[PDB]
Amino acid sequence: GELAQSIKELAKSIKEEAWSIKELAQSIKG
Amino acid sequence: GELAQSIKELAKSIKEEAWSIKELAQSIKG
Amino acid sequence: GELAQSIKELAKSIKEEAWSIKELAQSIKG
Amino acid sequence: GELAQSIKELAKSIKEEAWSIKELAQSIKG
Amino acid sequence: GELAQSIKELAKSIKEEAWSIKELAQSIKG
Amino acid sequence: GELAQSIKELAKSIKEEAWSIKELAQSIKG
Amino acid sequence: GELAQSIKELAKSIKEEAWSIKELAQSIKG
């Protein structure tokens, strides 16, 4: 139910953050 | 409940800990 | 009882973390 | 019992993390 | 059940984030 | 039992993360 | 059971993240 759903939303947000951090790394890189 | 009664706030705090990321993931792109 | 109380404490801590991540987002954005 | 105790320990650790993220925000802001 | 699954998804996302943070560190390094 | 133990392990890892974030804060401040 | 296992996986991932954040701190410090 709602708890599991919330944790899935959190997991999704952290994936988005991971993607942004990768983009920041790529922008610093050559 | 709170966490996402208690579990319920838990869902609230875990969901809200999810928004909070969407704004980081996002602040780092810009 | 004690279990419900512990989960309420957890929910509170996750809200504090959400607030800090919001602050981190704002500091990056500024 | 032990479960409630473990969740209290988890809540404490998350508060520590929230404090560290706030400190990271302050260091970026300064 | 669904709860365990959600936590597994969270664990996966955090590993991705850890990898991205490592990449950001490598890009800063030199 | 095993559940409480797992949550204690999770609490430990989150403390280590909080320590690293504190170190990141100190490195930015310096 | 599977829940405890999932939480153990989460704990491991957060340790990996702590290590990466430490590496990011080291790269900023250098």
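Residues numbered from 1 in each chain as written, not as in the entry; some residues may be left out. Chains lettered and ligands numbered in written order. Heavy atoms only, no water.

- Its PDB header names X-ray crystallography as the technique used to obtain the model and reports a resolution of 2.2000 Å.

Focus: the nonpolar core
The tendency in soluble globular proteins is for nonpolar side chains to be buried as a group.
Piece 1. Counting 51 residues, the largest nonpolar core has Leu3 and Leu10 of chain B together with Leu10 of chain C as its most contacted members.
Piece 2. Elements represented by at least two residues in this core include exactly α1 (2-28) of chain A, α1 (6-29) of chain B, α1 (2-29) of chain C, α1 (2-29) of chain D, α1 (2-28) of chain E, α1 (2-29) of chain F together with α1 (2-29) of chain G.
Piece 3. Once residues within four sequence positions are removed from consideration, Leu10 of chain B is found in contact with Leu3 of chain A, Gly1, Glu2, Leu3 and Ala4 of chain B together with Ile7, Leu10, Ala11 and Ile14 of chain C. (Core = buried A, V, L, I, M, F, W, Y, C linked by side-chain atoms within 4.5 Å. Buried < 20%, exposed > 50% of the residue type's maximum accessible area, 1.4 Å probe, protein only. Helix = DSSP H or I, 4+ residues; strand = E, 2+ residues; numbered from the N terminus. Contact = heavy atoms within 4.5 Å.)

Some thoughts on the arrangement of the chains
Piece 1. If you take every C-alpha in chain C and every C-alpha in chain E, the smallest gap between them is 15 Å, and the two do not touch.
Piece 2. Between chain D and chain G there is no contact, and the shortest C-alpha to C-alpha separation is 11 Å.

Let's talk about the packing of α1 of chain D against α1 of chain F
Angle between the axes and distance between the axes are the two parameters that describe a pair of packed helices.
Piece 1. Where α1 of chain D contacts α1 of chain F, the two axes come as close as 8 Å, and the packing angle between them is 10°. By the angle between their directions, the pair α1 of chain D and α1 of chain F is classed as roughly parallel. As α1 of chain D packs across α1 of chain F, the resulting crossing turns out to be left-handed.
Piece 2. Taken together, the residues of the contact of α1 of chain D with α1 of chain F sort by class into 19 nonpolar, four polar and 10 charged. (Axes fitted to C-alpha atoms, helices over the stretch in contact; angles between N-to-C directions. Parallel < 35°, antiparallel > 145°, perpendicular 65-115°, else oblique. Left-handed = near helix turned anticlockwise from the far one by under 90°. Nonpolar A, V, L, I, M, F, W, Y, C, P; charged D, E, K, R; others polar.)

Examining the side chain of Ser20 of chain F
Piece 1. In this structure, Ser20 of chain F sits in helix α1.
Piece 2. Note on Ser20 of chain F: relative accessible area 2%, which makes it buried.
Piece 3. A polar side-chain atom of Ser20 of chain F sits 2.9 Å from the main-chain carbonyl oxygen of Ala18 of chain G. (Polar contact = N/O pair within 3.5 Å; in protein donor to acceptor, adjacent residues only side chain to side chain.)

A short note on the pattern of salt bridges
Piece 1. Applying the stated criterion to the full structure yields 20 salt bridges over all chains.
Piece 2. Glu2 of chain B is the partner of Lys8 of chain C in a salt bridge, and the nearest nitrogen-oxygen pair spans 2.7 Å. Placement of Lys8 of chain C in helix α1 and of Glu2 of chain B in strand β1 (residues 2-3) is noted, with the two residues assigned to different chains.
Piece 3. Residue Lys8 of chain C is classed as partly exposed on the basis of its relative accessible area of 28%.
Piece 4. Of the residues examined, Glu2 of chain B reaches a relative accessible area of 12% and is grouped as buried.
Piece 5. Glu23 of chain C serves as the salt-bridge partner of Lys29 of chain D, at 3.1 Å between the closest nitrogen and oxygen. Highlighted residues: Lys29 of chain D in helix α1 and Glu23 of chain C in helix α1, drawn from two different chains.
Piece 6. Through salt bridges with shared partners, one network takes in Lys12 and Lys15 of chain E together with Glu9, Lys12 and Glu16 of chain G. (Salt bridge = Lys/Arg side-chain N within 4 Å of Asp/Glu carboxyl O.)

Topic: the interface of chain B and chain C
Piece 1. Contacts between the two partners involve 18 residues from chain B, matched on the other side by 16 residues from chain C.
Piece 2. Contact between chain B and chain C buries roughly 1,400 Å² in total, counting both sides, with carbon and sulfur atoms accounting for 67%.
Piece 3. Applying the counting criterion to the chain B and chain C interface returns two salt bridges.
Piece 4. Taken together, chain B and chain C are joined by four residue pairs in polar contact.
Piece 5. By residue number, the principal contributor to the side of chain B that touches chain C is α1 of chain B, which donates 15 residues.
Piece 6. A per-class count over the side of chain B that touches chain C returns seven nonpolar, five polar and six charged. (Buried area = accessible area lost by both parts, 1.4 Å probe.)

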